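Read the single chain below, which is given as C-alpha cells and is the form deposited in one PDB entry.
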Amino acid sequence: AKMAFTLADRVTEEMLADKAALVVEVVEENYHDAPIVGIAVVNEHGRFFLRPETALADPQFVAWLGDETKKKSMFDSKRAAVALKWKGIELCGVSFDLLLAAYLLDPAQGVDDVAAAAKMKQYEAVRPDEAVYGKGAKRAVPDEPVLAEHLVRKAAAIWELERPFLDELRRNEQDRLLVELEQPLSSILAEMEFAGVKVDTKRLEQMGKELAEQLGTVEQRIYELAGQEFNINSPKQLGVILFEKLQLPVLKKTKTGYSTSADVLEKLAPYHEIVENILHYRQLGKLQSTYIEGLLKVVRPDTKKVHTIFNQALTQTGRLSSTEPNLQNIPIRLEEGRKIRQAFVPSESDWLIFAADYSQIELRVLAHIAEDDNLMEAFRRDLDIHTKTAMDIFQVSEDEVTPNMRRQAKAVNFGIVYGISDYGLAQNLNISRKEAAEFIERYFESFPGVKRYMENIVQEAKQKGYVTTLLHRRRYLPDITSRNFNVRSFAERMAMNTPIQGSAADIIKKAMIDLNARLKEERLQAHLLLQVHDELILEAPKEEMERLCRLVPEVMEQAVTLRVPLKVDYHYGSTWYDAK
C-alpha cells in the first residue's frame, strides 16, 4: 500500500532537523535554469512533501538549505545544487550522495535513479523514474498525488540506504573516495557548469558561412567526379558510387554493406580523385553540423554562454563525460577545426583563458604502478618518451631515430596504455600481426617491469574479481574468466588499462579540489570552466596570469606524489584557441 507522509501547505520546524534525506526534483534532463517540480524531506520527525513555490519562498527553508550544519542525504545533489543556483539559492551540507556512492561501488550497474541504487540492496519500495515520468514525447510530470508519493518514496529509500551504502564503501576502503573526493568534486562541477563558457556567436556564425561556401564547392566537385548527384552523407548511396559505379576495390566490409570509414578511404585515395574530396567534405561537414550549428543550438541567447553538464557517475574508468554540449571533444588536431576554439572566449572584458595540461600523465602513472626502472628513469630525466621508446624497441641512438620510427613507437605507447594487442596495434599501424607482436615483444623486452605488471594485474583481476586505482576506485571484470577468447581478451585489456586511466582520473580530480582551495585562500577571481581528462581550463582577469602561471602547475603537479614527477604545461590567451 501507499507510503504515509504529510503533504504540507507550509514549512514547519520539524522539517528543518539537522539530518534528513532531501529530494529537490528536477525532471528535465538538462537541469540548467530548469523547474523544480516538488520537494520531499524525510527525517526523524517523519516524511514531508513541499510544493516548491512554498518552500523556496520560505526564509527558514532557504536558510536550512544553505546551512552547512544541517546535513542532507541526496541522490544527484549536483542536479539540485545547480537548479537552485539558477534561482539564487545555495545548497550546503550534503553529506551523502547516493548516486555517487552507487557509482563508486560498481560503475557497471549504470545506476541512474534511486530505484536502481536501491535494488542493489534488495530495496524495491520505490519506482524507477522512467515508470513515473515516462520518456520521450510521452514524458510528463504526474498529478500531485502521484508526484508527491514518488518523491517521498525516493527520500525514504535514501534515508534507509545511507548506512548500508556507507558500510560497504568502508569495507571497500572507498569511504574517503566518496567523502573527500567525489562529493567535494560534485560541488566544484556544479560551480563550473553554472558559470558556463562564453561563446563568440558572431565569430561562429561567420565561420559557418564560409564553411557553407566551401562545402558547396566540394559538394559540386564530388558530383562532377561521380558523374551524378547523390547523398554523400548516405554510407549506402556513397558505397554504391564508390564500389559499383567507380569500381573502387572493397578492402573493408561493414555489417550492412560497404565500409566508407576514413580509414578505408585513405587507402582508396590513390585510385580516384573523388576520394580526397569525400574526405574533405566530411571534415568540413563534421565541423558545420556539430561544432557550429550544433553548438549554436545550445548557446543561451541572453548570455551567449554554453552550460555543459558533467556526468560524474557514468564512465567505468572514473573519468567525467560532458554533454549539451560535449566540451571534451572540441577540434584541435587539424588547424581548420582548431579554429573553432577561437569562438570560446572569457566571460568578462580584460579576462583571459588559462589552460594547463598534464604531460603524459598516463605513462607516468604506468611507470609508477609497474615500477619499471627504465620507464621511471626516462621520466626522471624528462625525456621525450616516444623518442626514448623508439630508441629502445629499435635499438638505436637518439640521432638515429627517424620520424617514422617515433611515429610507430608513439602508436605502441598508445596500445600499451589501452591494452596492448596484435589486432589493435597492427590495424592501427596498418601492418601485420606477426609484425605488431614483434614490436610488443620488443617493448616488453625494454620495459620488463611493465610486462610484469600487465601479467600481474590480469592475475589479480581474476583472483579478486576487480582492479583498483590509486585512490581505490574499483572496476569489476567478470569476463576475465570467460572461456571465449575475444570476451576474455577485452576484460584483460581493461584490467591493464583501468588502473592507468582511472588513477589519472583520480589525480586530476584531486587537483581540482586542491586548486579551488588554493584559489579561495588567495582570493583570486580565477575559476575553473572545464576539465578535459588531463587538462584544466580556467578564465581569470589578465592581472592574475602571472600568479596562475606559478600556482596552477604546482597544485596540479603536487596533487599526489608518485615515484616519478608529474609535469604540467600551461598557456593562456584571449580565446581558448590562443591558450596554446
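For clarity, a rigid core is taken as the largest C-alpha set superposing within 1.5 Å between two forms. A residue's number is simply how far along the shown sequence it sits, counting from 1.
Beyond the structure shown, there is the form deposited in another entry, which is absent from this document and is the topic of what follows.
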Next on the checklist: Looking between this form and the one not shown after fitting on the rigid core, I'd like to know which of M376, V141, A269, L296 has a C-alpha displacement of 2 Å or more.
Outcome noted: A269
Item to check | Core-aligned C-alpha movement of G465 between this form and the one not shown, 2 Å or more | outcome: no
Checklist entry - Core-aligned, is the CA shift for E335 between this form and the one not shown 2 angstroms or more? => result yes
Checklist entry - With both forms fit on the core, is the shift of the CA atom of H280 between this form and the one not shown 2 Å or larger? => result yes
